[PDB]
J.: 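Would you mind keeping the following structure in view while I ask a few things?
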Amino acid sequence: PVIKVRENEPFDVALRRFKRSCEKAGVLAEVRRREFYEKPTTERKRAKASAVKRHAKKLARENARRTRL
Amino acid sequence: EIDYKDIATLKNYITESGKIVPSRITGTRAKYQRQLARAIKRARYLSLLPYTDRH
Amino acid sequence: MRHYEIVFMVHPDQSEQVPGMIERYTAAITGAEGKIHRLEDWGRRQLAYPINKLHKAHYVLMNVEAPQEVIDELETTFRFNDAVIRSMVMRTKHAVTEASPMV
Amino acid sequence: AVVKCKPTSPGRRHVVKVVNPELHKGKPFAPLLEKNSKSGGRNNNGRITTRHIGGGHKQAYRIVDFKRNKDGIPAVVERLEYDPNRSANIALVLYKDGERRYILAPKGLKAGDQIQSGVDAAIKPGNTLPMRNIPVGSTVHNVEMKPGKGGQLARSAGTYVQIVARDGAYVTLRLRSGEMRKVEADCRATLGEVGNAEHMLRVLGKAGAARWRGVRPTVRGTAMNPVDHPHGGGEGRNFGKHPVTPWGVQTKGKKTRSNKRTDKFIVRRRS
Amino acid sequence: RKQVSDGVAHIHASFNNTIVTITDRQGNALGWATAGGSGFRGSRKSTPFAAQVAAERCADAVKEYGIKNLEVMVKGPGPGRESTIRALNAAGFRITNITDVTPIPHXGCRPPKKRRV
Amino acid sequence: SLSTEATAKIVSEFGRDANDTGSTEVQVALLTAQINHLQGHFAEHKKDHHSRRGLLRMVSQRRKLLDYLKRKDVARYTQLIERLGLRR
RNA sequence: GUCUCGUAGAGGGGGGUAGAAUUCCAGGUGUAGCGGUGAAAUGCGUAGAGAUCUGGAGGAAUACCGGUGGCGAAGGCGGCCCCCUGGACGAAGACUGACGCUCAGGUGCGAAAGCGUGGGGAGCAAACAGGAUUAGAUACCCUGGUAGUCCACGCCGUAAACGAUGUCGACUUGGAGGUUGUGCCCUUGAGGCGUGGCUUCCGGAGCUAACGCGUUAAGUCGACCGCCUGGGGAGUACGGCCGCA
RNA sequence: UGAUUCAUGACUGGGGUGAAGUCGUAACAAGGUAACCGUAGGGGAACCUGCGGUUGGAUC
RNA sequence: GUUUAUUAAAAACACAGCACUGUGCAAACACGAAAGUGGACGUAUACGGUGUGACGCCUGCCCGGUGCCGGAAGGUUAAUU
Ligand SMILES: [Cu+]
Ligand SMILES: [K+]
Ligand SMILES: [K+]
Ligand SMILES: [K+]
Ligand SMILES: [K+]
Ligand SMILES: [K+]
Ligand SMILES: [K+]
Ligand SMILES: [K+]
Ligand SMILES: [K+]
Ligand SMILES: [K+]
Ligand SMILES: [K+]
Ligand SMILES: [K+]
Ligand SMILES: [K+]
Ligand SMILES: [K+]
Ligand SMILES: [K+]
Ligand SMILES: [K+]
Ligand SMILES: [K+]
Ligand SMILES: [K+]
Ligand SMILES: [K+]
Ligand SMILES: [K+]
Ligand SMILES: [K+]
Ligand SMILES: [K+]
Ligand SMILES: [K+]
Ligand SMILES: [K+]
Ligand SMILES: [K+]
Ligand SMILES: [K+]
Ligand SMILES: [K+]
Ligand SMILES: [K+]
Ligand SMILES: [K+]
Ligand SMILES: [K+]
Ligand SMILES: [K+]
Ligand SMILES: [K+]
Ligand SMILES: [K+]
Ligand SMILES: [K+]
Ligand SMILES: [Mg+2]
Ligand SMILES: [Mg+2]
Ligand SMILES: [Mg+2]
Ligand SMILES: [Mg+2]
Ligand SMILES: [Mg+2]
Ligand SMILES: [Mg+2]
Ligand SMILES: [Mg+2]
Ligand SMILES: [Mg+2]
Ligand SMILES: [Mg+2]
Ligand SMILES: [Mg+2]
Ligand SMILES: [Mg+2]
Ligand SMILES: [Mg+2]
Ligand SMILES: [Mg+2]
Ligand SMILES: [Mg+2]
Ligand SMILES: [Mg+2]
Ligand SMILES: [Mg+2]
Ligand SMILES: [Mg+2]
Ligand SMILES: [Mg+2]
Ligand SMILES: [Mg+2]
Ligand SMILES: [Mg+2]
Ligand SMILES: [Mg+2]
Ligand SMILES: [Mg+2]
Ligand SMILES: [Mg+2]
Ligand SMILES: [Mg+2]
Ligand SMILES: [Mg+2]
Ligand SMILES: [Mg+2]
Ligand SMILES: [Mg+2]
Ligand SMILES: [Mg+2]
Ligand SMILES: [Mg+2]
Ligand SMILES: [Mg+2]
Ligand SMILES: [Mg+2]
Ligand SMILES: [Mg+2]
Ligand SMILES: [Mg+2]
Ligand SMILES: [Mg+2]
Ligand SMILES: [Mg+2]
Ligand SMILES: [Mg+2]
Ligand SMILES: [Mg+2]
Ligand SMILES: [Mg+2]
Ligand SMILES: [Mg+2]
Ligand SMILES: [Mg+2]
Ligand SMILES: [Mg+2]
Ligand SMILES: [Mg+2]
């Protein structure tokens with residue numbers, strides 16, 4: 001994330017651009033995940049759980065789009 | 001076929017920081033995404049592309 | 001008899017020796033019944049990142065068909081040549097003669 | 001090969017031999033032999049000045065070329081040989097002009113190999129060059145300390161030196177001790193490692209095997225009387241004092257190097 | 001004592017503290033301040049307000065050099081990532097460049113074990 | 001591991017013609033050629049267990065083909081093992 | 001089952017190399033804190049730390065790509081390059097002619113920890129030490145830290161080594177996806193119509209104590225093997241075999 | 001002079017049953033540090049810690 | 001295996017194996033007012049010193065004392081001036 005403040009650009013706008021670029025790069029999440037060691041079984045379990053949750057939520061949304069409350 | 005010398009094409013598949021963009025974002029087929037990753041790594045080694053934007 | 005693509009980078013201060021190195025390597029390849037499908041001299045280019053504190057290097061690309069013994073000898077020459085700062089030898093499925101995107 | 005003896009007698013149970021079926025089985029090359037009689041550790045005052053030396057097998061001295069200054073003329077290894085005078089094996093080499101010499105045998109060297117010395121020699125094991133012409137990072141042995149003086153560093157079986165850096169007229173070396181040492185770049189070195197790396201795996205197995213090598217028994221100072229050694233004395237096994245040499249100097253960590261003349265070449269001590 | 005007018009503010013924003021160091025363009029430090037040193041300890045030391053106070057103190061410490069323009073290099077995930085930049089802009093410096101320099105291993109060494117709290 | 005030329009040479013030498021790639025003698029000769037060729041590879045790479053599994057499959061397949069040939073026509077089996085230098 | 005052409009793949013063995021980052025060493029700037037926690041203290045720092053810049057040494061692992069993605073008999077395999085090498089799949093043929101399936105005993109492979117000899121050692125970290133917490137705290141938390149984790153060769157032969165589901169073959173409604181081949185057609189591209197391999201989720205009949213399984217069966221059948229026979233004692237004792245332990 | 005089998009032996013190892021006395025609270029809920037498997041080291045005790053593995057983990 | 005020739009042959013000494021430590025070569029170390037010599041025509045897989053004593057399973061806690069190793073900001077301190 002290298003944000004060069006252009007001429008006549010307000011500092012608040014430059015700061016918001018820098019924040020957006022950092023969020024898009026995802027450096028904070030990377031640091032947080034690298035803070036402590038995750039055992040490979042733990043990493044595999046987490047990835048599988050996330051995939052299962054995504055699929056189940058999509059199926060539930062598909063089912064709920066065809067019903068009335 | 002993806003060429004590691006085709007820097008102009010390869011630059012479409014890297015971010016501003018130099019990271020390889022996911023195929024789920026670029027709409028690339030998986031078979032070609034693998035070739036893109038290999039070509040980008042070769043270009044990085046030959047210094048035709050940067051590893052990180054802090055160069 | 002396999003097909004190889006060779007890219008080597010020369011220290012910019014030794015750019016004047018590049019034609020001599022090219023001639024020597026092509027002669028070494030042709031001596032053992034080898035062919036040169038493609039030969040391009042990209043000149044000096046700016047490096048994406050510094051190498052040995054440098055910022056530019058002289059790039060040479062070749063596409064040849066040579067025996068493994070002479071290819072290994074060429075790699076040894078690259079390793080022990082102080083002017084060559086970085087090289088790369090790759091196998092290719094077929095001979096490549098078309099112009100590269102650099103030219 | 002490292003071979004364990006079978007325990008057919010108590011003196012053979014623990015013996016481990018290093019058996020090399022490539023060494024010459026016949027006699028050495030006579031023109032490069034000299035007699036070398038034994039000292040018993042005694043100097044020209046006839047006094048013992050190094051303890052624990054005496055006896056052992058008769059040995060002829062082989063003249064070994066440590067200088068490696070016969071430049072530009074190839075040589076072929078004729079055979080490897082046992083040399084009683086050292087841990088490394090030696091190789092008899094024949095030069096193109098018909099001259100024969102002995103060299104330390106590098107790891108991997110075998111009969112029929114070709115070797116060369118000089119500024120234009122190839123970077124191959126057994127070839128000798130000034131370190132100015134050897135790539136940084138290389139492994140070398142039989143390293144000179146002054147140009148033309150002859151090899152003096154990394155000569156024992158399995159040893160080698162690493163060229164870590166080159167600055168101006170000097171190269172920096174990592175020695176086997178761990179010391180980082182500056183040496184003139186015009187000093188020569190031979191590519192590769194000294195052979196016979198398995199030497200350290202042998203096990204003598206019995207007292208006599210040390211006696212065969214000219215080593216006489218060590219007597220512990222605590223086994224003596226006070227008149228004989230600072231450690232001696234005691235009704236029973238007693239000690240009660242800081243360990244010292246027979247001449248009274250602390251012997252468990254006290255440093256004894258004192259050479260201000262050569263201090264300038266030691267980049268970093270071994271520890 | 002020599003005028004510079006072109007400096008770089010390095011922000012070291014850790015989870016426990018914020019360190020603000022102003023150097024010239026060659027990396028030579030001119031002054032520094034820290035949230036822990038600006039009268040905050042414990043839970044107060046790791047807040048954005050403490051980081052802002054540290055940034056103000058660093059600006060005061062470098063006031064003599066007459067710095068006009070500042071590049072900014074932020075490193076770390078700490079809460080003082082943006083308050084320091086805001087305080088630096090409010091102190092009168094002209095923020096020319098902002099860059100994230102947080103180190104990321106490309107694999108790297110094995111991290112310490114997870115905490116069981 | 002066998003090249004096209006070597007495979008074709010074996011087929012011509014052991015089959016009825018160049019199209020006889022399926023005969024037991026040709027198959028056994030091809031397997032023998034591959035096994036002998038890999039002997040050198042496994043002399044250098046003793047820890048290549050994964051490739052050695054494929055080699056042991058060739059050995060077992062050759063054994064089964066040889067037993068079938070011996071059961072069917074003993075004379076052909078004897079000639080083949082003599083030509084290939086196999087103990088059995 | 002063999003041959004011919006091609007395809008994808010972290011399949012295996014060997015060697016080389018690249019960039020990021022940590023640690024350590026040296027130097028420049030600079031000055032009173034740093035580090036840590038729930039809060040602290042131990043620890044580090046005016047003998048100049050922490051921070052920032054430059055140069056060097058060294059080991060280990062390969063961000064992004066990356067995916068209920070791929071390969072492998074299982075265990076497992078992830079930067080890039082070369083060398084040696086195993087298997088799978090598809091399209092047209094050609095060839096052999098039941099050469100097949102399963103397998104007691106036998107043999108081989110077999111995560112992590114551990115063992116032997118020789119190396120290596122950055123980071124991490126059993127044991128250990130100190131600081132905390134607590135009634136206590138031989139812990140959880142903090143500051144350190146040794147085997148070990150790494151390499152070569154040999155041993156060990158065990159894991160919730162799991163799909164808690166033996167191998168091989170045949171048969172029996174469907175839907176939506178992933179991945180990898182290949183045929184045909186058109187207006188020629190995120191195109192349409194098929195046809196193979198592997199794979200994820202749902203669900204029909206049927207099955208099941210139920211949960212659930214459901215063409216990758218736990219359905220309907222055949223071939224062969226392994227195994228169970230109430231809980232505890234006990235996968236223990238004794239004996240044998242194997243192992244350095 | 002061996003083998004095998006029965007009886008017996010100071011002392012010693014763990015096991016079962018009873019009974020509930022002393023010490024803690026390991027497991028069952030996210031059981032208050034998810035549990036469990038193999039292995040290794042440590043500890044009055046249940047156990048704790050490292051390394052890999054499983055879901056037969058709650059919340060998200 | 002060795003030992004108190006002449007009252008002690010042993011459980012003592014040595015020993016292969018193990019560890020700590022010194023030693024970069026004009027080595028450490030030793031004999032020597034010194035020149036030199038041994039170490040060694042060896043070169044860290046080498047050489048000295050010290051303890052332990054085949055092999056097997058192992059080798060726990062303490063650095064306050066004494067020693068050794070490192071540090072050098074401060075206090076004190078010799079000849080000299
Ligand atoms: Cu003084
Ligand atoms: K080079
Ligand atoms: K010898
Ligand atoms: K002794
Ligand atoms: K004594
Ligand atoms: K005594
Ligand atoms: K006595
Ligand atoms: K392959
Ligand atoms: K690598
Ligand atoms: K059978
Ligand atoms: K080791
Ligand atoms: K380590
Ligand atoms: K730690
Ligand atoms: K290996
Ligand atoms: K085991
Ligand atoms: K599983
Ligand atoms: K398909
Ligand atoms: K298709
Ligand atoms: K065994
Ligand atoms: K053991
Ligand atoms: K009896
Ligand atoms: K009895
Ligand atoms: K527990
Ligand atoms: K639980
Ligand atoms: K455990
Ligand atoms: K106790
Ligand atoms: K006696
Ligand atoms: K004695
Ligand atoms: K020693
Ligand atoms: K024993
Ligand atoms: K023994
Ligand atoms: K003490
Ligand atoms: K002490
Ligand atoms: K002083
Ligand atoms: Mg005299
Ligand atoms: Mg001695
Ligand atoms: Mg000798
Ligand atoms: Mg001894
Ligand atoms: Mg006595
Ligand atoms: Mg005395
Ligand atoms: Mg006593
Ligand atoms: Mg006493
Ligand atoms: Mg004394
Ligand atoms: Mg921590
Ligand atoms: Mg708690
Ligand atoms: Mg085949
Ligand atoms: Mg180191
Ligand atoms: Mg293949
Ligand atoms: Mg069986
Ligand atoms: Mg292991
Ligand atoms: Mg142990
Ligand atoms: Mg080990
Ligand atoms: Mg360490
Ligand atoms: Mg800890
Ligand atoms: Mg089991
Ligand atoms: Mg598993
Ligand atoms: Mg099971
Ligand atoms: Mg598969
Ligand atoms: Mg279902
Ligand atoms: Mg059932
Ligand atoms: Mg048992
Ligand atoms: Mg339990
Ligand atoms: Mg509890
Ligand atoms: Mg608790
Ligand atoms: Mg619990
Ligand atoms: Mg068990
Ligand atoms: Mg513990
Ligand atoms: Mg005598
Ligand atoms: Mg007597
Ligand atoms: Mg007597
Ligand atoms: Mg001398
Ligand atoms: Mg002298
Ligand atoms: Mg002398
Ligand atoms: Mg003793
Ligand atoms: Mg102390
Ligand atoms: Mg001192």
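By convention in this document, chain letters (A, B, ...) are assigned in the order of the sequence lines, proteins followed by strands, and residues within each chain are numbered from 1.
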J.: Under 3.5 Å for both distances, do we get a Watson-Crick or G-U wobble pair between G/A18 and G/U182?
T.: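 Taken together, G/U182 and G/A18 make no base pair (Watson-Crick or G-U wobble, both distances under 3.5 Å).
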J.: Let's test your reading of the model: under 3.5 Å, does the base of G/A73 pair with the side chain of F/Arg53 as donor and acceptor?
T.: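 For F/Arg53, whose side chain was compared with the base of G/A73, there is a donor-acceptor pair (under 3.5 Å).
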J.: Can I/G1 and I/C29 be counted as paired, Watson-Crick or G-U wobble, both distances less than 3.5 Å?
T.: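 Pair flag for I/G1 and I/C29 is false.
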J.: Tell whether E/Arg116 reaches the base of H/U33 with its side chain through a donor-acceptor pair below 3.5 angstrom.
T.: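 Yes.
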J.: List the protein contact pattern of nucleotides 14-30 of chain I with one symbol per nucleotide (5' to 3'): B for base contact, S for sugar-phosphate-only contact, - for none; contact means a heavy-atom distance under 4.0 Å.
T.: SSSS--BSSBBSB-SSB
J.: How does protein contact run along nucleotides 9-17 of chain G, one letter per nucleotide 5' to 3', with B for base contact, S for sugar-phosphate only, - for none, heavy atoms under 4.0 Å?
T.: SSBBBS-SS
J.: For nucleotides 47-60 of chain G, read 5' to 3', which letter fits each nucleotide if B means a protein heavy atom sits under 4.0 Å from the base, S means only the sugar-phosphate is that close, and - means neither?
T.: --BBSBS-SSSSB-
J.: Between the protein and nucleotides 199-204 of chain G, list the N/O to N/O atom pairs that are separated by less than 3.5 angstrom.
T.:
none

J.: Would you sketch RNA chain H in dot-bracket for me? Only Watson-Crick or G-U wobble pairs with both distances under 3.5 Å count, crossing pairs as [ ], other-strand pairs as |, the rest as dots.
T.: .................................(((((((((....)))))))))|....
J.: Report yes if a donor N or O on one partner sits less than 3.5 Å from an acceptor N or O on the other, where the partners are the side chain of E/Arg41 and the base of G/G35; otherwise report no.
T.: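 Answer is yes: a donor-acceptor pair is held.
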J.: Counting the atoms with a prime plus P, OP1 and OP2 as sugar-phosphate, which does F/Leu30 contact under 4.0 Å by heavy atoms, base, sugar-phosphate, or nothing?
T.: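 Sugar-phosphate: the residue F/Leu30, judged by heavy atoms under 4.0 Å, touches backbone atoms but no base.
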J.: Going by modelled atom types, is there a donor-acceptor pair between the base of H/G57 and the side chain of A/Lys45 at under 3.5 Å?
T.: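 Indeed there is one.
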J.: Any N/O pairs under 3.5 Å between the protein and nucleotides 90-96 of chain G? List them or say none.
T.:
{"unit_1": "G/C95", "atom_1": "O4'", "unit_2": "F/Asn19", "atom_2": "O", "d": "3.2"}
{"unit_1": "G/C95", "atom_1": "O3'", "unit_2": "F/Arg16", "atom_2": "NH2", "d": "3.3"}
{"unit_1": "G/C95", "atom_1": "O2'", "unit_2": "F/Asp20", "atom_2": "OD1", "d": "2.8"}
{"unit_1": "G/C95", "atom_1": "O2'", "unit_2": "F/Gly22", "atom_2": "N", "d": "2.9"}
{"unit_1": "G/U96", "atom_1": "OP1", "unit_2": "F/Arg16", "atom_2": "NH1", "d": "2.9"}
{"unit_1": "G/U96", "atom_1": "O4'", "unit_2": "F/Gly22", "atom_2": "O", "d": "3.1"}

